[PDB]
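> Here is the input, now give the coordinates:
(one chain, ligands or ions: 1)
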Amino acid sequence: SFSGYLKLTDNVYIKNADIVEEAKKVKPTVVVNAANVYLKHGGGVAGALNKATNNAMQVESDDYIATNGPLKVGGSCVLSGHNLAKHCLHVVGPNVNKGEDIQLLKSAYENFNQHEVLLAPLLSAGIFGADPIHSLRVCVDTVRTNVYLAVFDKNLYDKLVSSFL
Ligand SMILES: NC(=O)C1=Cc2ccccc2OC1
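Residues are numbered from 1 along each chain as shown. The coordinates are given below.
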């Protein structure tokens, strides 16, 4: 199962790790993707997860968008996890660098509650522009299911653990 995670709360765990390498190792039931409404997996976690699937995740995502239209900011969809997980939960956190409502971050984390255990990144962190300390706070105050957070950046991981209330 998941190893080397620091326990933050009864249900939230965290590790300084590459989510692609973590997914390839564990092969979780659910890996969360930090998606945009168009499921265009260009950069950040999305670009990395998609590249690990040899672009199979983008091919599948484009078929999903052609059929269903775009997701909502704060929304999600369950697609295949490919070589990374059984499923990929594509969750759209608000992108602050696109003027999107940071209040949507709680709605985005609520999607995790539909899955008993998930491997996930901090929503709206990184290239999405939100404060990762705020994202972790929203995560532990919203998610009730078991969430194993992979934080790529070592220095950010240390700051998150050392500042966690
Ligand atoms: N496996 C990889 O190539 C990467 C992992 C990663 C992890 C988090 C965010 C962005 C990333 O981009 C590159």
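
> Show me where the protein has its strands.
Listed in chain order, the strands of the chain (DSSP state E) span 6-7, 12-16, 30-35, 76-80, 87-92, 117-120, 146-151.

> Quick one: closest of these to residue 130.
strand 30-35 (10.8 Å; CB to CB). Where C-beta positions appear, they are placed from N, C-alpha and C, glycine not excepted.

> between that closest one and strand 146-151, how many degrees?
Note on geometry: by axes from the mean of the first three to the mean of the last three CA atoms, to 10 degrees, strand 30-35 and strand 146-151 are set 50 degrees apart in direction.

> close to the ligand, is strand 30-35?
No - under the criterion of CB under 6 Å from any ligand atom, the ligand is not reached by strand 30-35; the shortest gap measures 8.0 Å.

> Which residues of this protein lie near the ligand?
Of all the residues in the chain, those lying near the ligand are 18-20, 44-45, 48, 152, going by CB under 6 Å from any ligand atom.

> got the residues you listed as CSV, with neighbour count and distance to residue 138 columns?
Output for these, formatted as CSV (neighbours: other CB atoms under 10 Å; distance: CB to CB, whole Å):
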residue, neighbour count, distance to residue 138
18, 15, 23
19, 25, 18
20, 19, 24
44, 18, 18
45, 26, 17
48, 19, 23
152, 20, 19
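
> if you look at these, which of them are in helices?
With helices identified by DSSP state H, the entries of the residues of the chain next to the ligand that belong to them are 19-20, 44-45, 48.

> now for the residues you listed, which pair is the farthest apart?
The two members of these with the most space between them (CB to CB) are 20 and 44, at 11.6 Å.

> what's near enough to touch the closest residue to residue 80 other than its chain neighbours?
Nearest residue to residue 80, sequence neighbours excluded (CB to CB, 6 or more residues apart in numbering): residue 60, at 6.0 Å. Each residue near residue 60 by CB atoms under 8 Å, 6 or more residues apart in numbering is listed here: 79-80, 82.

> any idea which of the residues you listed is the one closest to the ligand?
Minimum separation from the ligand among the contacts of residue 60 (CB to the nearest ligand atom) is found for residue 82, which lies at 14.0 Å.

> gap between residue 87 and the ligand?
Counting by CB to the nearest ligand atom, to the nearest Å, the separation of residue 87 from the ligand is 19 Å.
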